[PDB]
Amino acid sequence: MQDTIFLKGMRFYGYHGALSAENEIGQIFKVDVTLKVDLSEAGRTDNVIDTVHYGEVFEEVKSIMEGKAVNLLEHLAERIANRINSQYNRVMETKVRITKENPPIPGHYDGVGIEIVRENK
């Protein structure tokens, strides 16, 4: 089963980071969420109730990304995957990628970040 529902390049201004100054100034966090969902019923029915609402997922990601500042991207993604898996039984597995395009790293790069994959139990 290779069907997926995705939300790409979601950007949020947040205050996460292990560094005091980061928590103070903040920065933009980029988030990609890919959900493993069987979409054949919805493909047949065309009834919005047979699939997972992208809009609702964005709201969940947003509430976590624009909420309380935490130290790690690992913790933010764990909370997002866990939030999506908990509320949608149709999601067989959740992939969350978070990128800091402008972290406190003296250099020239496109971004740094993490990616996790959590199956829905």
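Don't overthink the numbering: it's just position in the shown sequence, from 1.
Across the two stretches, 14-22 and 104-112, the PDB entry reports the greater mean Cα temperature factor for 14-22. Higher average CA B factor: 68-76, of the stretches 68-76 and 25-33.
For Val117, the recorded CA B-factor ranks within the middle third of the chain. Only modelled residues enter the ranking. Among all modelled residues in its chain, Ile49 ranks in the highest third by Cα B-factor. Among all modelled residues in this chain, the alpha-carbon of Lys62 has a temperature factor (C-alpha) in the middle third.
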